[PDB]
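run.pdb (PDB, C-alpha atoms) appears below.
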```
ATOM      1  CA  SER A   9      37.335  17.408  62.116  1.00  0.00           C
ATOM      2  CA  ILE A  10      38.285  20.733  60.540  1.00  0.00           C
ATOM      3  CA  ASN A  11      38.485  19.143  57.090  1.00  0.00           C
ATOM      4  CA  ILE A  12      34.959  17.793  57.503  1.00  0.00           C
ATOM      5  CA  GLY A  13      33.655  20.982  59.108  1.00  0.00           C
ATOM      6  CA  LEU A  14      34.912  22.896  56.089  1.00  0.00           C
ATOM      7  CA  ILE A  15      33.073  20.654  53.619  1.00  0.00           C
ATOM      8  CA  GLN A  16      29.912  20.654  55.697  1.00  0.00           C
ATOM      9  CA  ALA A  17      29.944  24.439  55.918  1.00  0.00           C
ATOM     10  CA  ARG A  18      30.509  24.974  52.198  1.00  0.00           C
ATOM     11  CA  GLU A  19      28.095  22.231  51.127  1.00  0.00           C
ATOM     12  CA  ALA A  20      25.273  23.781  53.150  1.00  0.00           C
ATOM     13  CA  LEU A  21      26.200  27.092  51.550  1.00  0.00           C
ATOM     14  CA  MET A  22      26.388  25.580  48.092  1.00  0.00           C
ATOM     15  CA  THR A  23      22.929  23.972  48.087  1.00  0.00           C
ATOM     16  CA  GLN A  24      21.257  27.378  48.304  1.00  0.00           C
ATOM     17  CA  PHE A  25      23.707  28.943  45.851  1.00  0.00           C
ATOM     18  CA  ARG A  26      23.451  26.267  43.126  1.00  0.00           C
ATOM     19  CA  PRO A  27      20.031  27.400  41.793  1.00  0.00           C
ATOM     20  CA  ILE A  28      21.553  30.849  41.277  1.00  0.00           C
ATOM     21  CA  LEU A  29      24.437  29.463  39.209  1.00  0.00           C
ATOM     22  CA  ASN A  30      22.054  27.643  36.863  1.00  0.00           C
ATOM     23  CA  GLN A  31      20.169  30.867  36.067  1.00  0.00           C
ATOM     24  CA  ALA A  32      23.348  32.279  34.523  1.00  0.00           C
ATOM     25  CA  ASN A  33      24.307  28.737  33.528  1.00  0.00           C
ATOM     26  CA  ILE A  34      27.795  29.210  34.997  1.00  0.00           C
ATOM     27  CA  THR A  35      29.482  26.541  37.110  1.00  0.00           C
ATOM     28  CA  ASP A  36      31.017  27.014  40.563  1.00  0.00           C
ATOM     29  CA  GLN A  37      34.552  26.986  39.225  1.00  0.00           C
ATOM     30  CA  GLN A  38      33.627  29.449  36.485  1.00  0.00           C
ATOM     31  CA  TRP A  39      32.176  31.736  39.146  1.00  0.00           C
ATOM     32  CA  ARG A  40      35.338  31.530  41.255  1.00  0.00           C
ATOM     33  CA  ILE A  41      37.401  32.468  38.210  1.00  0.00           C
ATOM     34  CA  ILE A  42      35.040  35.309  37.338  1.00  0.00           C
ATOM     35  CA  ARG A  43      35.062  36.661  40.891  1.00  0.00           C
ATOM     36  CA  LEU A  44      38.838  36.341  41.326  1.00  0.00           C
ATOM     37  CA  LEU A  45      39.497  38.200  38.078  1.00  0.00           C
ATOM     38  CA  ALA A  46      37.195  40.938  39.357  1.00  0.00           C
ATOM     39  CA  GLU A  47      38.432  41.153  42.959  1.00  0.00           C
ATOM     40  CA  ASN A  48      41.973  41.155  41.613  1.00  0.00           C
ATOM     41  CA  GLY A  49      43.001  43.338  38.698  1.00  0.00           C
ATOM     42  CA  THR A  50      44.402  40.692  36.389  1.00  0.00           C
ATOM     43  CA  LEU A  51      45.837  37.226  36.973  1.00  0.00           C
ATOM     44  CA  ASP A  52      48.097  34.904  35.011  1.00  0.00           C
ATOM     45  CA  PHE A  53      47.249  31.251  34.399  1.00  0.00           C
ATOM     46  CA  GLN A  54      49.246  29.776  37.293  1.00  0.00           C
ATOM     47  CA  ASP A  55      48.123  32.307  39.905  1.00  0.00           C
ATOM     48  CA  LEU A  56      44.518  31.906  38.786  1.00  0.00           C
ATOM     49  CA  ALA A  57      44.848  28.134  39.173  1.00  0.00           C
ATOM     50  CA  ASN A  58      46.273  28.477  42.685  1.00  0.00           C
ATOM     51  CA  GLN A  59      43.631  30.897  43.957  1.00  0.00           C
ATOM     52  CA  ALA A  60      40.649  29.222  42.281  1.00  0.00           C
ATOM     53  CA  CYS A  61      42.035  25.895  43.499  1.00  0.00           C
ATOM     54  CA  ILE A  62      41.688  24.340  40.053  1.00  0.00           C
ATOM     55  CA  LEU A  63      44.107  21.885  38.439  1.00  0.00           C
ATOM     56  CA  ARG A  64      45.995  23.307  35.443  1.00  0.00           C
ATOM     57  CA  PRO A  65      44.588  20.755  32.964  1.00  0.00           C
ATOM     58  CA  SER A  66      41.032  21.621  34.057  1.00  0.00           C
ATOM     59  CA  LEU A  67      41.562  25.397  34.081  1.00  0.00           C
ATOM     60  CA  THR A  68      42.437  25.638  30.375  1.00  0.00           C
ATOM     61  CA  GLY A  69      39.132  24.136  29.269  1.00  0.00           C
ATOM     62  CA  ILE A  70      37.156  26.277  31.696  1.00  0.00           C
ATOM     63  CA  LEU A  71      38.943  29.425  30.526  1.00  0.00           C
ATOM     64  CA  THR A  72      38.253  28.560  26.892  1.00  0.00           C
ATOM     65  CA  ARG A  73      34.516  28.372  27.591  1.00  0.00           C
ATOM     66  CA  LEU A  74      34.581  31.719  29.388  1.00  0.00           C
ATOM     67  CA  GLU A  75      36.240  33.269  26.335  1.00  0.00           C
ATOM     68  CA  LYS A  76      33.834  31.623  23.916  1.00  0.00           C
ATOM     69  CA  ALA A  77      31.154  33.099  26.161  1.00  0.00           C
ATOM     70  CA  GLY A  78      32.954  36.434  25.956  1.00  0.00           C
ATOM     71  CA  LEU A  79      33.342  36.752  29.722  1.00  0.00           C
ATOM     72  CA  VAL A  80      37.131  36.425  29.923  1.00  0.00           C
ATOM     73  CA  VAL A  81      39.825  37.393  27.405  1.00  0.00           C
ATOM     74  CA  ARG A  82      43.479  36.374  26.958  1.00  0.00           C
ATOM     75  CA  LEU A  83      46.180  38.958  26.265  1.00  0.00           C
ATOM     76  CA  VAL A  92      49.858  34.918  29.752  1.00  0.00           C
ATOM     77  CA  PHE A  93      47.470  37.134  31.715  1.00  0.00           C
ATOM     78  CA  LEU A  94      43.699  36.910  32.114  1.00  0.00           C
ATOM     79  CA  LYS A  95      41.104  39.583  32.801  1.00  0.00           C
ATOM     80  CA  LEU A  96      37.313  39.895  32.686  1.00  0.00           C
ATOM     81  CA  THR A  97      35.602  41.544  29.747  1.00  0.00           C
ATOM     82  CA  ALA A  98      33.195  44.465  30.128  1.00  0.00           C
ATOM     83  CA  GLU A  99      30.360  41.953  30.192  1.00  0.00           C
ATOM     84  CA  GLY A 100      32.244  39.779  32.691  1.00  0.00           C
ATOM     85  CA  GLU A 101      32.347  42.766  35.032  1.00  0.00           C
ATOM     86  CA  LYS A 102      28.580  43.167  34.715  1.00  0.00           C
ATOM     87  CA  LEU A 103      27.914  39.481  35.401  1.00  0.00           C
ATOM     88  CA  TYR A 104      30.058  39.615  38.542  1.00  0.00           C
ATOM     89  CA  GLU A 105      28.152  42.569  39.995  1.00  0.00           C
ATOM     90  CA  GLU A 106      24.721  41.015  39.424  1.00  0.00           C
ATOM     91  CA  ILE A 107      25.566  37.600  40.893  1.00  0.00           C
ATOM     92  CA  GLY A 108      27.677  39.264  43.571  1.00  0.00           C
ATOM     93  CA  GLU A 109      24.678  41.347  44.634  1.00  0.00           C
ATOM     94  CA  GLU A 110      22.601  38.220  45.267  1.00  0.00           C
ATOM     95  CA  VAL A 111      25.489  36.713  47.234  1.00  0.00           C
ATOM     96  CA  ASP A 112      25.849  39.839  49.380  1.00  0.00           C
ATOM     97  CA  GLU A 113      22.127  39.603  50.124  1.00  0.00           C
ATOM     98  CA  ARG A 114      22.793  35.981  51.055  1.00  0.00           C
ATOM     99  CA  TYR A 115      25.790  36.978  53.155  1.00  0.00           C
ATOM    100  CA  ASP A 116      23.615  39.544  54.933  1.00  0.00           C
ATOM    101  CA  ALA A 117      20.915  36.968  55.685  1.00  0.00           C
ATOM    102  CA  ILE A 118      23.450  34.669  57.337  1.00  0.00           C
ATOM    103  CA  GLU A 119      25.174  37.477  59.250  1.00  0.00           C
ATOM    104  CA  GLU A 120      21.801  38.537  60.637  1.00  0.00           C
ATOM    105  CA  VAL A 121      21.533  35.179  62.411  1.00  0.00           C
ATOM    106  CA  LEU A 122      25.143  34.145  63.056  1.00  0.00           C
ATOM    107  CA  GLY A 123      26.265  37.523  64.286  1.00  0.00           C
ATOM    108  CA  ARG A 124      28.432  40.173  62.716  1.00  0.00           C
ATOM    109  CA  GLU A 125      31.216  39.568  65.240  1.00  0.00           C
ATOM    110  CA  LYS A 126      31.346  35.807  64.686  1.00  0.00           C
ATOM    111  CA  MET A 127      31.179  36.347  60.917  1.00  0.00           C
ATOM    112  CA  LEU A 128      34.214  38.619  60.885  1.00  0.00           C
ATOM    113  CA  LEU A 129      36.155  36.124  62.992  1.00  0.00           C
ATOM    114  CA  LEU A 130      35.281  33.320  60.606  1.00  0.00           C
ATOM    115  CA  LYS A 131      36.679  35.312  57.673  1.00  0.00           C
ATOM    116  CA  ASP A 132      39.965  35.980  59.455  1.00  0.00           C
ATOM    117  CA  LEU A 133      40.458  32.372  60.554  1.00  0.00           C
ATOM    118  CA  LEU A 134      39.694  31.017  57.071  1.00  0.00           C
ATOM    119  CA  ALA A 135      42.147  33.488  55.542  1.00  0.00           C
ATOM    120  CA  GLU A 136      44.918  32.526  57.973  1.00  0.00           C
ATOM    121  CA  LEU A 137      44.302  28.819  57.400  1.00  0.00           C
ATOM    122  CA  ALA A 138      44.736  29.218  53.645  1.00  0.00           C
ATOM    123  CA  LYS A 139      48.025  31.048  54.180  1.00  0.00           C
ATOM    124  CA  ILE A 140      49.612  28.250  56.262  1.00  0.00           C
ATOM    125  CA  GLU A 141      51.631  26.713  53.430  1.00  0.00           C
ATOM    126  CA  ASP A 142      54.113  29.583  53.184  1.00  0.00           C
ATOM    127  CA  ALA A 143      54.104  29.808  56.979  1.00  0.00           C
ATOM    128  CA  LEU A 144      55.043  26.177  57.639  1.00  0.00           C
TER     129      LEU A 144
ATOM    130  CA  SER B   5      31.716  44.926  45.782  1.00  0.00           C
ATOM    131  CA  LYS B   6      30.553  44.919  49.406  1.00  0.00           C
ATOM    132  CA  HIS B   7      31.414  41.715  51.285  1.00  0.00           C
ATOM    133  CA  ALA B   8      34.136  39.092  50.794  1.00  0.00           C
ATOM    134  CA  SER B   9      33.520  35.646  49.305  1.00  0.00           C
ATOM    135  CA  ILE B  10      32.613  32.898  51.765  1.00  0.00           C
ATOM    136  CA  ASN B  11      32.522  30.351  48.938  1.00  0.00           C
ATOM    137  CA  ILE B  12      36.095  31.138  47.897  1.00  0.00           C
ATOM    138  CA  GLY B  13      37.338  31.597  51.461  1.00  0.00           C
ATOM    139  CA  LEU B  14      36.041  28.175  52.485  1.00  0.00           C
ATOM    140  CA  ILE B  15      37.568  26.312  49.558  1.00  0.00           C
ATOM    141  CA  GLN B  16      40.947  28.066  49.823  1.00  0.00           C
ATOM    142  CA  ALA B  17      41.199  27.177  53.513  1.00  0.00           C
ATOM    143  CA  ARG B  18      40.442  23.517  52.822  1.00  0.00           C
ATOM    144  CA  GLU B  19      42.774  23.187  49.849  1.00  0.00           C
ATOM    145  CA  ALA B  20      45.684  24.448  51.931  1.00  0.00           C
ATOM    146  CA  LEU B  21      44.683  21.910  54.578  1.00  0.00           C
ATOM    147  CA  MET B  22      44.428  19.056  52.077  1.00  0.00           C
ATOM    148  CA  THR B  23      47.847  19.931  50.688  1.00  0.00           C
ATOM    149  CA  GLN B  24      49.245  18.940  54.072  1.00  0.00           C
ATOM    150  CA  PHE B  25      47.279  15.670  54.177  1.00  0.00           C
ATOM    151  CA  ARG B  26      47.422  14.325  50.594  1.00  0.00           C
ATOM    152  CA  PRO B  27      50.993  13.004  50.768  1.00  0.00           C
ATOM    153  CA  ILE B  28      49.999  10.989  53.840  1.00  0.00           C
ATOM    154  CA  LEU B  29      46.829   9.664  52.233  1.00  0.00           C
ATOM    155  CA  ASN B  30      48.576   8.907  48.926  1.00  0.00           C
ATOM    156  CA  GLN B  31      51.355   6.849  50.554  1.00  0.00           C
ATOM    157  CA  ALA B  32      48.523   4.602  51.618  1.00  0.00           C
ATOM    158  CA  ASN B  33      45.893   3.656  49.063  1.00  0.00           C
ATOM    159  CA  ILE B  34      43.411   6.002  50.730  1.00  0.00           C
ATOM    160  CA  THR B  35      41.499   8.888  49.137  1.00  0.00           C
ATOM    161  CA  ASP B  36      40.200  12.006  50.901  1.00  0.00           C
ATOM    162  CA  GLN B  37      36.629  10.703  50.938  1.00  0.00           C
ATOM    163  CA  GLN B  38      37.761   7.274  52.116  1.00  0.00           C
ATOM    164  CA  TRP B  39      39.629   8.879  55.001  1.00  0.00           C
ATOM    165  CA  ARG B  40      36.573  10.991  55.872  1.00  0.00           C
ATOM    166  CA  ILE B  41      34.535   7.802  56.204  1.00  0.00           C
ATOM    167  CA  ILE B  42      37.205   6.079  58.294  1.00  0.00           C
ATOM    168  CA  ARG B  43      37.371   8.942  60.810  1.00  0.00           C
ATOM    169  CA  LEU B  44      33.588   9.242  61.083  1.00  0.00           C
ATOM    170  CA  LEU B  45      33.289   5.491  61.639  1.00  0.00           C
ATOM    171  CA  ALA B  46      35.890   5.850  64.384  1.00  0.00           C
ATOM    172  CA  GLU B  47      34.459   8.872  66.197  1.00  0.00           C
ATOM    173  CA  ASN B  48      30.959   7.374  66.305  1.00  0.00           C
ATOM    174  CA  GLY B  49      31.884   3.692  66.467  1.00  0.00           C
ATOM    175  CA  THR B  50      29.093   2.755  64.081  1.00  0.00           C
ATOM    176  CA  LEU B  51      26.924   4.657  61.587  1.00  0.00           C
ATOM    177  CA  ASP B  52      24.094   3.737  59.226  1.00  0.00           C
ATOM    178  CA  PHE B  53      24.271   4.464  55.487  1.00  0.00           C
ATOM    179  CA  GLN B  54      22.152   7.635  55.371  1.00  0.00           C
ATOM    180  CA  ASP B  55      23.772   9.209  58.429  1.00  0.00           C
ATOM    181  CA  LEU B  56      27.210   8.434  57.008  1.00  0.00           C
ATOM    182  CA  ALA B  57      26.342  10.046  53.673  1.00  0.00           C
ATOM    183  CA  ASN B  58      25.160  13.289  55.271  1.00  0.00           C
ATOM    184  CA  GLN B  59      28.177  13.730  57.550  1.00  0.00           C
ATOM    185  CA  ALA B  60      30.830  12.731  55.008  1.00  0.00           C
ATOM    186  CA  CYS B  61      28.969  14.849  52.448  1.00  0.00           C
ATOM    187  CA  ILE B  62      29.023  12.011  49.939  1.00  0.00           C
ATOM    188  CA  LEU B  63      26.151  11.254  47.570  1.00  0.00           C
ATOM    189  CA  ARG B  64      24.461   7.920  48.269  1.00  0.00           C
ATOM    190  CA  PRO B  65      25.323   6.305  44.933  1.00  0.00           C
ATOM    191  CA  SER B  66      28.941   7.383  45.317  1.00  0.00           C
ATOM    192  CA  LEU B  67      29.023   6.316  48.954  1.00  0.00           C
ATOM    193  CA  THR B  68      27.816   2.837  48.004  1.00  0.00           C
ATOM    194  CA  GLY B  69      30.652   2.362  45.522  1.00  0.00           C
ATOM    195  CA  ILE B  70      33.318   3.622  47.925  1.00  0.00           C
ATOM    196  CA  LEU B  71      31.986   1.364  50.683  1.00  0.00           C
ATOM    197  CA  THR B  72      32.165  -1.663  48.377  1.00  0.00           C
ATOM    198  CA  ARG B  73      35.859  -0.905  47.825  1.00  0.00           C
ATOM    199  CA  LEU B  74      36.547  -0.447  51.538  1.00  0.00           C
ATOM    200  CA  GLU B  75      35.055  -3.887  52.228  1.00  0.00           C
ATOM    201  CA  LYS B  76      36.995  -5.545  49.424  1.00  0.00           C
ATOM    202  CA  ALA B  77      40.053  -4.212  51.254  1.00  0.00           C
ATOM    203  CA  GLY B  78      38.646  -5.589  54.517  1.00  0.00           C
ATOM    204  CA  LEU B  79      38.562  -2.205  56.254  1.00  0.00           C
ATOM    205  CA  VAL B  80      34.794  -1.760  56.611  1.00  0.00           C
ATOM    206  CA  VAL B  81      32.040  -4.340  57.213  1.00  0.00           C
ATOM    207  CA  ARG B  82      28.234  -4.203  57.043  1.00  0.00           C
ATOM    208  CA  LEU B  83      26.093  -5.405  59.943  1.00  0.00           C
ATOM    209  CA  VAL B  92      22.095  -1.135  57.581  1.00  0.00           C
ATOM    210  CA  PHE B  93      25.054  -0.015  59.702  1.00  0.00           C
ATOM    211  CA  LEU B  94      28.764   0.353  58.940  1.00  0.00           C
ATOM    212  CA  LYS B  95      31.761  -0.161  61.224  1.00  0.00           C
ATOM    213  CA  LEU B  96      35.545  -0.339  60.944  1.00  0.00           C
ATOM    214  CA  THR B  97      37.105  -3.798  61.037  1.00  0.00           C
ATOM    215  CA  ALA B  98      39.931  -4.733  63.398  1.00  0.00           C
ATOM    216  CA  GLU B  99      42.450  -3.940  60.674  1.00  0.00           C
ATOM    217  CA  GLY B 100      40.419  -0.870  59.738  1.00  0.00           C
ATOM    218  CA  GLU B 101      40.969   0.258  63.322  1.00  0.00           C
ATOM    219  CA  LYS B 102      44.679  -0.370  62.783  1.00  0.00           C
ATOM    220  CA  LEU B 103      44.791   1.698  59.596  1.00  0.00           C
ATOM    221  CA  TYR B 104      42.959   4.588  61.239  1.00  0.00           C
ATOM    222  CA  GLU B 105      45.369   4.661  64.172  1.00  0.00           C
ATOM    223  CA  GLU B 106      48.379   4.272  61.879  1.00  0.00           C
ATOM    224  CA  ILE B 107      47.313   6.896  59.332  1.00  0.00           C
ATOM    225  CA  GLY B 108      45.742   9.063  62.031  1.00  0.00           C
ATOM    226  CA  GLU B 109      49.050   9.349  63.870  1.00  0.00           C
ATOM    227  CA  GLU B 110      50.681  10.825  60.765  1.00  0.00           C
ATOM    228  CA  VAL B 111      47.695  13.124  60.239  1.00  0.00           C
ATOM    229  CA  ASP B 112      47.736  14.344  63.847  1.00  0.00           C
ATOM    230  CA  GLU B 113      51.408  15.243  63.442  1.00  0.00           C
ATOM    231  CA  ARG B 114      50.398  17.717  60.727  1.00  0.00           C
ATOM    232  CA  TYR B 115      47.596  19.227  62.822  1.00  0.00           C
ATOM    233  CA  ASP B 116      50.176  19.999  65.493  1.00  0.00           C
ATOM    234  CA  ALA B 117      52.432  21.647  62.910  1.00  0.00           C
ATOM    235  CA  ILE B 118      49.582  23.813  61.654  1.00  0.00           C
ATOM    236  CA  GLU B 119      48.403  24.710  65.154  1.00  0.00           C
ATOM    237  CA  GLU B 120      51.895  25.827  66.102  1.00  0.00           C
ATOM    238  CA  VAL B 121      51.494  28.509  63.437  1.00  0.00           C
ATOM    239  CA  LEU B 122      47.749  29.221  63.354  1.00  0.00           C
ATOM    240  CA  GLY B 123      47.417  28.990  67.111  1.00  0.00           C
ATOM    241  CA  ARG B 124      46.103  26.119  69.171  1.00  0.00           C
ATOM    242  CA  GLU B 125      43.171  28.089  70.556  1.00  0.00           C
ATOM    243  CA  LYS B 126      42.121  29.673  67.235  1.00  0.00           C
ATOM    244  CA  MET B 127      42.056  26.272  65.547  1.00  0.00           C
ATOM    245  CA  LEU B 128      39.469  25.157  68.103  1.00  0.00           C
ATOM    246  CA  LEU B 129      37.317  28.252  67.571  1.00  0.00           C
ATOM    247  CA  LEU B 130      37.256  27.762  63.801  1.00  0.00           C
ATOM    248  CA  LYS B 131      35.660  24.328  64.162  1.00  0.00           C
ATOM    249  CA  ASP B 132      32.918  25.825  66.343  1.00  0.00           C
ATOM    250  CA  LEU B 133      32.247  28.724  63.976  1.00  0.00           C
ATOM    251  CA  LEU B 134      32.142  26.429  60.948  1.00  0.00           C
ATOM    252  CA  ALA B 135      29.596  24.241  62.701  1.00  0.00           C
ATOM    253  CA  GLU B 136      27.442  27.277  63.480  1.00  0.00           C
ATOM    254  CA  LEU B 137      27.740  28.506  59.892  1.00  0.00           C
ATOM    255  CA  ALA B 138      26.829  25.008  58.755  1.00  0.00           C
ATOM    256  CA  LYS B 139      23.825  24.689  61.057  1.00  0.00           C
ATOM    257  CA  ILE B 140      22.159  27.736  59.523  1.00  0.00           C
ATOM    258  CA  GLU B 141      21.105  25.571  56.570  1.00  0.00           C
ATOM    259  CA  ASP B 142      17.512  26.764  56.108  1.00  0.00           C
TER     260      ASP B 142
END
```
Whole structure, C-alpha cells version:
Amino acid sequence: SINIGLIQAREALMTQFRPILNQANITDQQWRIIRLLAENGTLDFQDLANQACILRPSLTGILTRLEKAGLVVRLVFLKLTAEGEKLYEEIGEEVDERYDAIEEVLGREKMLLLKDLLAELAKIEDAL
Amino acid sequence: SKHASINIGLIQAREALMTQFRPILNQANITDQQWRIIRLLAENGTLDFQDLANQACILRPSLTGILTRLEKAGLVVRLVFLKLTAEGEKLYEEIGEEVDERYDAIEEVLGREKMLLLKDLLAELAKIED
C-alpha cells in the first residue's frame, strides 16, 4: 500500500523529470549524488551511499564518472567542484519551478505535510 | 536553493521501508516486484496485463518475464487476466502476516493516524501526473 504509493508517486514525478536529466546527460543517481553533496557540505563514501540509497559497488563507478566529468572530486570525503555547484543550481532551478507547479495544485499545506511525513518515514530505522 | 527535494525524499522514505521488508521477502524466494504483483492481485482479485503493469509500475516486457516465473512456481495463472492460485493465496496470507507485523511496528513509532494520511497524500501527489 504505502510501498506501492511511494513508487507510484515517484514514477509519475520521474517521467516529467527524465527529459531534463538527458539534457545534461546525467542519470538519476548522479543527480542525487550531486544534490546531496550540495545540500550537505561534504560527505564520505559510506554516508553518501546511505543517503543516495545506492549500493557501495555501484557508487564507486558512478563517482568515478562524476570525477572524469569534473563534477565531483576526491580528497575518504567527497565534495562538488565549482562546476558541480553550477550544475546543481541550474537543474535545481527547473526542479523548483516544477515543485511550484505541483504545489499550486496540491496545496501548500498538503505539500508541507508530505515533506514531514516522508522525512519521518525515512528516519524509522534508528527509531525502531 | 529554495525548496527541498521530492525525488530524494520519496526514495529515502521507501528505502527505509524496504529495509524492514527485504528480510521477510528474501526468506521466501520472493522479490520486491513479485510481492507488489501478489498484493495487487489480492486486493483486486483479478487484473489484466496492462492494468497490472501500470499499478505495479513494471514495464510490460519485464512484467511478462516475472509473470512467467510466478506461473512456473504455480503462484499465478492466466485466464488476458491474471489471478493468484490457491497456493498463491496461501503465500500471500503467509508472507502478508509477517509483513503486517512490520507495519504495526512502524506505525507504533510513526503514528497510526499519520501513516494513513501519507498514503492519501502520496495518491494525490501521484494523481497530478499531467
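The interatomic distance for the pair CA of residue 126 (chain A) and CA of residue 115 (chain B) works out to 23.3 Å.
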### Message
Select, as an MDAnalysis selection string, those residues of chain A with any atom no more than 9 Å from chain B (distances computed using only C-alpha atoms).
### Response
chainID A and resid 9:24 40 43:44 47 58:61 105 108:109 111:112 115:116 118 121:122 126:127 129:131 133:141 143:144
### Polymer residues at most 12 Å from region 69-71 of chain A, all atoms listed in the file, same-chain spacing of 3 or more positions, as a PyMOL selection string
chain A and resi 34-42+45+52-53+56-57+60+62-66+74-82+93-96
Could you write out the selected residues, including C-alpha atoms, as a PDB file, keeping the file's coordinate frame?
```pdb
ATOM      1  CA  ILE A  34      27.795  29.210  34.997  1.00  0.00           C
ATOM      2  CA  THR A  35      29.482  26.541  37.110  1.00  0.00           C
ATOM      3  CA  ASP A  36      31.017  27.014  40.563  1.00  0.00           C
ATOM      4  CA  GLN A  37      34.552  26.986  39.225  1.00  0.00           C
ATOM      5  CA  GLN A  38      33.627  29.449  36.485  1.00  0.00           C
ATOM      6  CA  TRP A  39      32.176  31.736  39.146  1.00  0.00           C
ATOM      7  CA  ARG A  40      35.338  31.530  41.255  1.00  0.00           C
ATOM      8  CA  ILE A  41      37.401  32.468  38.210  1.00  0.00           C
ATOM      9  CA  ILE A  42      35.040  35.309  37.338  1.00  0.00           C
ATOM     10  CA  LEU A  45      39.497  38.200  38.078  1.00  0.00           C
ATOM     11  CA  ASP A  52      48.097  34.904  35.011  1.00  0.00           C
ATOM     12  CA  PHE A  53      47.249  31.251  34.399  1.00  0.00           C
ATOM     13  CA  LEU A  56      44.518  31.906  38.786  1.00  0.00           C
ATOM     14  CA  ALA A  57      44.848  28.134  39.173  1.00  0.00           C
ATOM     15  CA  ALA A  60      40.649  29.222  42.281  1.00  0.00           C
ATOM     16  CA  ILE A  62      41.688  24.340  40.053  1.00  0.00           C
ATOM     17  CA  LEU A  63      44.107  21.885  38.439  1.00  0.00           C
ATOM     18  CA  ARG A  64      45.995  23.307  35.443  1.00  0.00           C
ATOM     19  CA  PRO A  65      44.588  20.755  32.964  1.00  0.00           C
ATOM     20  CA  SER A  66      41.032  21.621  34.057  1.00  0.00           C
ATOM     21  CA  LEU A  74      34.581  31.719  29.388  1.00  0.00           C
ATOM     22  CA  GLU A  75      36.240  33.269  26.335  1.00  0.00           C
ATOM     23  CA  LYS A  76      33.834  31.623  23.916  1.00  0.00           C
ATOM     24  CA  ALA A  77      31.154  33.099  26.161  1.00  0.00           C
ATOM     25  CA  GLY A  78      32.954  36.434  25.956  1.00  0.00           C
ATOM     26  CA  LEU A  79      33.342  36.752  29.722  1.00  0.00           C
ATOM     27  CA  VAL A  80      37.131  36.425  29.923  1.00  0.00           C
ATOM     28  CA  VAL A  81      39.825  37.393  27.405  1.00  0.00           C
ATOM     29  CA  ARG A  82      43.479  36.374  26.958  1.00  0.00           C
ATOM     30  CA  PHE A  93      47.470  37.134  31.715  1.00  0.00           C
ATOM     31  CA  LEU A  94      43.699  36.910  32.114  1.00  0.00           C
ATOM     32  CA  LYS A  95      41.104  39.583  32.801  1.00  0.00           C
ATOM     33  CA  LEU A  96      37.313  39.895  32.686  1.00  0.00           C
TER      34      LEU A  96
END
```
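For the pair CA of residue 27 (chain B) and CA of residue 103 (chain B), the separation is 15.6 Å.
Atom pair CA of residue 27 (chain A) / CA of residue 102 (chain A) has a distance of 19.3 Å (rounded to one decimal).
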For region 69-77 of chain A, take all atoms listed in the file, fit an axis-aligned box around them, add 6 Å to each of the six sides, then output centre and edge lengths in Å rounded to one decimal, as JSON.
```
{"center_x": 35.1, "center_y": 28.7, "center_z": 27.8, "size_x": 20.0, "size_y": 21.1, "size_z": 19.8}
```
### Shortest interatomic distance to residue 30 (chain A) - which of A:92, A:50, A:107, A:97, counting only C-alpha atoms
A:107
#### Entry: Matched chain/residue IDs from the PyMOL selection byres ((chain B and resi 54-57) around 10), as an MDAnalysis selection string
chainID B and resid 40:41 44:45 50:53 58:68 92:94
